[PDB]
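Take a look at this one chain, the form deposited without the partner chain, written out in structure tokens.
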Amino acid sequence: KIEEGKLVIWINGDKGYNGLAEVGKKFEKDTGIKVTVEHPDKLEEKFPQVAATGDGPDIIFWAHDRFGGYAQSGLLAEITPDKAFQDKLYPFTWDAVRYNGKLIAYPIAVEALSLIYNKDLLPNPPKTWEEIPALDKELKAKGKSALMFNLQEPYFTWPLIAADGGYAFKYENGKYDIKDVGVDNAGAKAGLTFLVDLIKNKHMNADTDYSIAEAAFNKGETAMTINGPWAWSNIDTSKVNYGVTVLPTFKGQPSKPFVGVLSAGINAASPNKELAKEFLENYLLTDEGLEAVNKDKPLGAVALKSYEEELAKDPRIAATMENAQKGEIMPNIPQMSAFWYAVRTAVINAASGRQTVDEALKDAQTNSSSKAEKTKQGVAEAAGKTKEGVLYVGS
């Protein structure tokens, strides 16, 4: 079971887990309650499997889009912040963590992708996706490339898919309609086709992942990348002279990144819900707590009004918020896991040439709109049926 009287926290390995551990250590010094921060791989897939049995961490950090599914499954606790606490965070961030009328996590920070570029290689970054091939040809003549970003997670390609009309779920008459999906409309197809054409024409490689893109950009080998605020820390260390700015347009339309609110959910099986509330409200969601995490890896535009008033002065946060305004806050509905798996499969398959864009996105539409020792006992029932009446075992 989960251990009473301590806290275990999971957070993704791209975030400021060392800074979060500093907050945990302060909490322990003050209250005697040990706090252990972990960053497992694939935590967003591990959590629902282990929480189903009452195991897992006390607190899970992820963007809010996964949390409605966890809540529907009974894996996240309703939280109980009072009115004065709620007043400390922006109303729109509370909206992101509301599911079936209930608050099911504490919002931490607003994440949007931006275009990150090397000012020495590219003092003037491209306004449009369309001009990137010509820019790549120029840079290749100098032993560089124009653009590298993670092609294994559809989060990074979504802004281009959505630019000219792609969408996840239609919102109408007060709700998201899971039978009205926008992953295979003309705009979505156009965006993915453009990415695939970049690859076919050798301006990008289908196998490029988070680490490959980050290494290339930070080594000064590629002029641009697409990433979130957490990435800025390593670029600071790299000493690349970088800027953070608005994503390129496609067909003249803004790229529309899906915006995530990094949020802290409490395991519904935790015996430490009160401890988790104290930690999150009175240690983490304070200027000093968020600063500790932010100094490790930038959070983005934080949900905490007092600290955001400081971070807002950062032009990189200004760029983050411009991209956020052009994009959309993700739904939190349970169907989001199906949507993301479907689009992940489509992007990887189209990029690698395993499927055409039309084939891949048709499949994504179908799966996106398809609604998302018990074993020992079932085997036993089936065995018992073979022994009913005068039936016998064995010949």
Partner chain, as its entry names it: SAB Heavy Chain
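Rigid core (definition): largest C-alpha set, two forms, superposition within 1.5 Å. Numbering follows the first chain given and starts at 1. Residues that one form lacks are left out of the comparison.
Keep in mind that the form deposited with the partner chain bound is missing from the display, and what follows is about it.
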Residues in 283-306 close to the partner chain in the deposited complex, defined by a heavy atom within 4.5 Å, in order: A301, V302
Only one of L262, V181, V97, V302 shifts its Cα by 2 Å or more between the shown form and the other one once the rigid core is superposed, namely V181
Check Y70 against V181 at the C-alpha atoms and report closer or farther in the deposited complex, compared with the shown form; the change is 3 Å or more. closer
With a difference of at least 3 Å, the CA distance of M330 and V181 in the deposited complex shows the atoms closer
In sequence order, what are the runs of at least 3 consecutive residues whose C-alphas shift by 2 Å or more between the shown form and the other one once the core is aligned? 175-184
